[PDB]
Amino acid sequence: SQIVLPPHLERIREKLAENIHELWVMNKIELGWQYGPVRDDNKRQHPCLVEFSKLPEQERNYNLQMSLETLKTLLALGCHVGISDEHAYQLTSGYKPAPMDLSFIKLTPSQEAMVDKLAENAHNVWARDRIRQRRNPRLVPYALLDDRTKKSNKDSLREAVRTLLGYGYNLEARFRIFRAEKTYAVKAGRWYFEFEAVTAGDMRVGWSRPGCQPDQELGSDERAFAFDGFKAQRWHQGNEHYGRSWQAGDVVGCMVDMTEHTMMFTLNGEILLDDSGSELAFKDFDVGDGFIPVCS
């Protein structure tokens with residue numbers, strides 16, 4: 001609302017709203033609803049078949065006050081179009097309106113995408129008009145109510161944009177930590193366990209001292225020795241790139257020598273590799289109070 005319309009753009013928008021109202025006549029003159037003085041939309045009587053500027057805001061106000069906010073919205077969503085151009089077949093009953101063309105230029109992505117916001121806006125102000133009235137089955141929002149009868153108002157806005165580009169105005173726009181028991185802290189031998197990464201994001205798998213804190217989060221300490229399956233980097237008091245990303249349906253796995261001070265992480269049998277030409281993910285650790293499997 002608080003984007004003021006320039007007057008040279010106001011004459012543009014009034015000509016284009018005239019050439020949108022000829023479509024608003026033409027989609028009602030095909031189905032067999034004629035002009036009259038009385039307002040009987042179910043009985044084919046419709047006094048809004050006179051064009052946009054010539055009808056007042058007592059009959060065609062639903063198409064004029066819609067067009068003002070829609071054209072305010074035409075250069076408000078980043079899809080800016082200023083003054084770069086000039087604003088200016090079925091059988092009918094006698095009035096076949098043709099101010100301009102429609103099948104010369106088809107439109108871009110953010111016009112048919114902004115038509116969705118226009119349909120949401122119209123549905124939301126209509127639902128605002130449907131808030132209080134009881135026995136209304138329209139008491140659910142735009143993103144869940146049936147969106148197929150709203151596609152005609154998407155077609156009207158998209159053909160309004162077709163008229164716009166005929167006139168020459170285009171549109172182009174926390175983390176939980178998991179571990180096994182403290183008493184199984186292995187201090188000798190050659191051990192391995194496996195892990196599957198399924199859905200999107202941080203999978204931080206490793207071996208930790210039992211004195212690790214799940215109070216904080218992982219990797220930025222000396223107790224944890226881990227690798228992020230996401231972003232292909234390792235984690236113990238810092239970062240360095242290592243290996244590849246995880247895949248949806250991987251089996252990562254982790255192996256630890258304890259008599260030797262080494263630790264190597266795999267992926268589906270492929271031993272994951274560092275850019276130093278060594279597949280051993282962590283080396284030369286302290287053989288302290290043992291190490292337990294941990295995943296974040």
# chains A, B, ... in the order shown; residues from 1 in each chain; ligands from 1
$ residues_around --residues "residue 93 (chain A)" --least-positions-apart "2" --cutoff "9 Å" --atoms "only C-alpha atoms" --output "JSON, numbers by chain"
{"A": [29, 34, 91, 95, 96]}
$ write_last_selection --atoms "N, CA, C and O atoms" --output "PDB file, in the first residue's frame"
ATOM      1  N   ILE A  29     -18.026 -13.047 -21.883  1.00  0.00           N
ATOM      2  CA  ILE A  29     -18.848 -13.015 -23.089  1.00  0.00           C
ATOM      3  C   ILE A  29     -18.773 -14.321 -23.869  1.00  0.00           C
ATOM      4  O   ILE A  29     -19.575 -14.533 -24.793  1.00  0.00           O
ATOM      5  N   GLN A  34     -24.653 -11.881 -20.445  1.00  0.00           N
ATOM      6  CA  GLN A  34     -24.786 -10.682 -21.257  1.00  0.00           C
ATOM      7  C   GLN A  34     -24.799  -9.426 -20.394  1.00  0.00           C
ATOM      8  O   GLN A  34     -24.770  -9.486 -19.163  1.00  0.00           O
ATOM      9  N   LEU A  91     -15.915 -15.580 -31.338  1.00  0.00           N
ATOM     10  CA  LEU A  91     -17.080 -14.812 -31.750  1.00  0.00           C
ATOM     11  C   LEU A  91     -17.830 -14.284 -30.531  1.00  0.00           C
ATOM     12  O   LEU A  91     -18.043 -14.994 -29.544  1.00  0.00           O
ATOM     13  N   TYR A  95     -19.559  -6.743 -29.387  1.00  0.00           N
ATOM     14  CA  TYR A  95     -18.414  -5.990 -28.887  1.00  0.00           C
ATOM     15  C   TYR A  95     -17.238  -6.947 -28.769  1.00  0.00           C
ATOM     16  O   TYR A  95     -17.121  -7.672 -27.776  1.00  0.00           O
ATOM     17  N   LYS A  96     -16.378  -6.964 -29.788  1.00  0.00           N
ATOM     18  CA  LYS A  96     -15.150  -7.751 -29.755  1.00  0.00           C
ATOM     19  C   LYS A  96     -13.988  -6.803 -29.510  1.00  0.00           C
ATOM     20  O   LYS A  96     -13.538  -6.118 -30.440  1.00  0.00           O
TER      21      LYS A  96
END
$ residues_around --residues "residue 21 (chain A)" --least-positions-apart "3" --cutoff "10 Å" --atoms "only C-alpha atoms" --output "PyMOL selection string"
chain A and resi 15-18+24-27+48-53+60+63-64+67+97+160
$ residues_around --residues "residue 231 (chain A)" --least-positions-apart "2" --cutoff "8 Å" --atoms "only C-alpha atoms" --output "PyMOL selection string"
chain A and resi 228-229+233+241+244-245
$ residues_around --residues "residue 138 (chain A)" --least-positions-apart "3" --cutoff "12 Å" --atoms "only C-alpha atoms" --output "number ranges by chain"
A: 123-124, 126-135, 141-142, 144-146
$ residues_around --residues "residue 75 (chain A)" --least-positions-apart "4" --cutoff "10 Å" --atoms "only C-alpha atoms" --output "PyMOL selection string"
chain A and resi 3+70-71+79-82+169-173
$ write_last_selection --atoms "N, CA and C atoms" --output "compact mmCIF listing (two decimals), in the first residue's frame"
# COMPACT_ATOMS: atom_id res chain seq x y z
N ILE A 3 3.52 2.29 -1.34
CA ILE A 3 4.38 2.57 -2.48
C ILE A 3 3.53 3.41 -3.42
N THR A 70 -2.27 -4.72 -7.67
CA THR A 70 -1.47 -5.63 -8.48
C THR A 70 -0.37 -4.91 -9.24
N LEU A 71 -0.64 -3.71 -9.76
CA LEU A 71 0.39 -2.93 -10.43
C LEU A 71 1.33 -2.21 -9.47
N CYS A 79 11.10 -7.32 -9.42
CA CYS A 79 10.84 -7.39 -10.86
C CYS A 79 10.43 -6.03 -11.41
N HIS A 80 11.37 -5.09 -11.43
CA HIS A 80 11.08 -3.70 -11.72
C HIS A 80 10.90 -3.49 -13.21
N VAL A 81 9.89 -2.70 -13.58
CA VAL A 81 9.69 -2.22 -14.94
C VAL A 81 9.17 -0.79 -14.86
N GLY A 82 10.01 0.16 -15.27
CA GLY A 82 9.62 1.55 -15.31
C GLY A 82 8.97 1.92 -16.63
N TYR A 169 6.16 -4.12 -20.52
CA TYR A 169 6.62 -4.03 -19.13
C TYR A 169 6.84 -5.44 -18.61
N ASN A 170 8.05 -5.96 -18.80
CA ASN A 170 8.43 -7.32 -18.45
C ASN A 170 8.62 -7.45 -16.94
N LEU A 171 8.62 -8.69 -16.47
CA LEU A 171 8.83 -8.99 -15.06
C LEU A 171 9.94 -10.02 -14.90
N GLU A 172 11.01 -9.62 -14.22
CA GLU A 172 12.13 -10.51 -13.91
C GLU A 172 12.69 -10.08 -12.56
N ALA A 173 12.52 -10.92 -11.55
CA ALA A 173 13.05 -10.63 -10.22
C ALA A 173 14.57 -10.74 -10.20
$ select_by_dssp --residues "region 34-276 of chain A" --states "alpha helix (DSSP H)" --output "ChimeraX atom specification"
/A:61-72,109-128,151-167
$ select_by_dssp --residues "region 74-229 of chain A" --states "strand (DSSP E or B)" --output "ChimeraX atom specification"
/A:178-179,186,190-193,204-208,224-228
$ write_last_selection --atoms "C-alpha atoms" --output "CSV table (one decimal), in the first residue's frame"
chain,number,residue,atom,x,y,z
A,178,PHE,CA,24.7,-39.5,20.9
A,179,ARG,CA,27.0,-42.1,22.5
A,186,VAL,CA,38.3,-49.6,24.8
A,190,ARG,CA,41.8,-53.2,16.7
A,191,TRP,CA,38.2,-52.2,16.5
A,192,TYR,CA,35.5,-51.0,14.0
A,193,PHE,CA,31.9,-49.9,14.0
A,204,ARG,CA,29.5,-35.9,12.7
A,205,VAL,CA,30.8,-39.4,13.5
A,206,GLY,CA,33.9,-40.3,15.6
A,207,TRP,CA,35.5,-41.6,18.7
A,208,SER,CA,35.5,-39.6,22.0
A,224,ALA,CA,36.3,-35.8,20.6
A,225,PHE,CA,38.1,-37.1,17.5
A,226,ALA,CA,35.6,-37.0,14.6
A,227,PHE,CA,34.8,-36.5,11.0
A,228,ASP,CA,31.9,-34.6,9.4
$ closest_residue --among "A:232, A:294, A:119, A:287" --to "residue 267 (chain A)" --atoms "only C-alpha atoms"
A:232
$ closest_residue --among "A:168, A:33, A:210, A:266" --to "residue 92 (chain A)" --atoms "only C-alpha atoms"
A:33
$ atom_distance --atom1 "CA of residue 274 (chain A)" --atom2 "CA of residue 219 (chain A)"
17.6 Å
$ closest_residue --among "A:295, A:198, A:151, A:185" --to "residue 218 (chain A)" --atoms "only C-alpha atoms"
A:295
$ atom_distance --atom1 "CA of residue 289 (chain A)" --atom2 "CA of residue 176 (chain A)"
23.6 Å
$ residues_around --residues "residue 6 (chain A)" --least-positions-apart "4" --cutoff "12 Å" --atoms "only C-alpha atoms" --output "list in words"
residues 10, 11, 12, 13, 14, 68, 71, 72, 75, 82 and 83 of chain A
$ residues_around --residues "residue 284 (chain A)" --least-positions-apart "5" --cutoff "12 Å" --atoms "only C-alpha atoms" --output "list in words"
residues 225, 256, 257, 258, 259, 260, 261, 262, 263 and 264 of chain A
$ write_last_selection --atoms "C-alpha atoms" --output "mmCIF file, in the first residue's frame"
data_model
loop_
_atom_site.group_PDB
_atom_site.id
_atom_site.type_symbol
_atom_site.label_atom_id
_atom_site.label_comp_id
_atom_site.auth_asym_id
_atom_site.auth_seq_id
_atom_site.Cartn_x
_atom_site.Cartn_y
_atom_site.Cartn_z
ATOM 1 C CA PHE A 225 38.097 -37.113 17.470
ATOM 2 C CA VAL A 256 40.720 -47.589 15.463
ATOM 3 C CA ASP A 257 44.081 -49.076 16.296
ATOM 4 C CA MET A 258 44.748 -48.638 19.997
ATOM 5 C CA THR A 259 48.199 -50.145 20.516
ATOM 6 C CA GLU A 260 49.116 -48.126 17.478
ATOM 7 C CA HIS A 261 48.158 -44.462 17.830
ATOM 8 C CA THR A 262 46.118 -44.398 14.612
ATOM 9 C CA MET A 263 42.502 -44.024 13.507
ATOM 10 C CA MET A 264 41.092 -44.401 9.988
#
$ closest_residue --among "A:220, A:237, A:163, A:247" --to "residue 103 (chain A)" --atoms "only C-alpha atoms"
A:163
